[PDB]
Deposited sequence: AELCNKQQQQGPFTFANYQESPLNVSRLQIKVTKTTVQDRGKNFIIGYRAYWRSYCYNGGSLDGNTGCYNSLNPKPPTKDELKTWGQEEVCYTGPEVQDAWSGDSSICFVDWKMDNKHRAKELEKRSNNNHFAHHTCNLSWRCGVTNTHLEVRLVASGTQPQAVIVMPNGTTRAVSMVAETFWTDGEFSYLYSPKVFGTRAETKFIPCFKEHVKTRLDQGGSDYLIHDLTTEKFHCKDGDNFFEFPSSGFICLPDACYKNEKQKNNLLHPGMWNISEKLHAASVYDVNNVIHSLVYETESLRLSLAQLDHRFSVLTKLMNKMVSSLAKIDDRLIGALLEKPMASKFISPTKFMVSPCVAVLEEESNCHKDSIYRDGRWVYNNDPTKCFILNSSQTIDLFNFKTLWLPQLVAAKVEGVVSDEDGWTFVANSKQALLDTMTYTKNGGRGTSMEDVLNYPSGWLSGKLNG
């Protein structure tokens, strides 16, 4: 029994209100500029020669001694083309202990006609012919055919195609015909199928937070304030500021030259562990909420089924009628348009995601080849051999 006489309140039911949230999903319409060229479009070829022109006219003669020089002769454009096309380089003659008669061959304009797939020079000298000159001439050459990845910069507006050097220096790509240049021993030639830039109109997904966090394939980036940003491989310019001349957001060039430490990655692992625990808390709070609902719903059905003996059977989708022997225990015996009370929609699910990992510029085959060639030169110029 209870005490209907006197009451307390009046009361109301407290509703639960979700916390507002400013993250949305956007399909941002951008112009995405690309400089993609696939295949082997880059040819690097070096060639130099060691010269040792000596004269032995006795210790009294002021001209007694050697004249040595590492002279670089990088191949011409046409030379580099046929080199790569044949994957062999052409050089002059290997001269060893050519004295007075044959000593003049140190200066001939040799008209390179000696073919090699790979050829490393030898640092040999000789001055053991009295009152006579002695000439030694060693040659080095190599060629490679690789795939060069061209990046994008701004220097203002209107992004520009650019080759990045391992040291950080940029070399703009010729947009007319076959950018070719020369540096010391080496000559570089780049020849893509089509010149200039390419761009498409496309919608990239984003999460609006003031802050835009976007993805485009394997590229993941923060979209800036004024809707214009350049990544290494691509530039994204949001129309609505299509007709506006803006300096885009610029990626850092050191981010592609300088590698990441193991600690930096472990730092990313610990940040992921933190968000994985974070999410486990939220999932636990939601699982507790379902527990509370299941307990409230068991109590509620236990009350309504007392009036509607056809209820529990409907909840179990079995024909049966309910008979309570206790306020908590019961017994079971045998037997157009719609209305949406919930307005629930398909649950958004985080889609799978895998970032792009391309490495550092120095590890590229083209720059690897140059670095090894220069390392081979340092290895062979360690000491002089006697061409006697």
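Missing from the model, by position in the deposited sequence, are residues 1-2, 212-231, 358-392, 446-467.
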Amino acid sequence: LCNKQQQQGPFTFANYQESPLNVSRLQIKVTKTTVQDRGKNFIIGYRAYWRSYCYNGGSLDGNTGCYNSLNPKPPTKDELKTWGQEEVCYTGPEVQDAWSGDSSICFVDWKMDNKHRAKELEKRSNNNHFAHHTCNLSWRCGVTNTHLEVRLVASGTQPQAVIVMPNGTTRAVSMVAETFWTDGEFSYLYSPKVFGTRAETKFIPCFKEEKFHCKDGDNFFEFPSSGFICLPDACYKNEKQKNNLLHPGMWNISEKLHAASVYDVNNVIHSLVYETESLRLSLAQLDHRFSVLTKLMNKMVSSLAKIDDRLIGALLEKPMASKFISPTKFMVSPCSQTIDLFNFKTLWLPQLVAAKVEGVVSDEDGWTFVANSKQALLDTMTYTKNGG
From here on, numbers count along this sequence of modelled residues.
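Of the two stretches examined, 318-326 and 46-54, the record assigns the greater average C-alpha temperature factor to 318-326. Stretches 100-108 and 175-183 differ in mean CA B factor, with 100-108 having the higher one.
Take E149, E87, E275, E239 and read off each C-alpha B-factor from the entry; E239 has the highest. Sorting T31, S333, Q27, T64 by the CA temperature factor given in the entry leaves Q27 at the top. Looking at the C-alpha B-factors along this chain, the one for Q17 belongs to the highest third. Placement of the Cα temperature factor of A199 within the chain: highest third of the modelled residues, per the deposited record. In this PDB entry, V361 carries a Cα temperature factor that places it within the lowest third of its chain's modelled residues.
Split the chain's modelled residues into thirds by C-alpha temperature factor. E122 is in the highest one. Ranked against the other modelled residues of its chain, the C-alpha B-factor of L279 as given in the entry falls in the lowest third.
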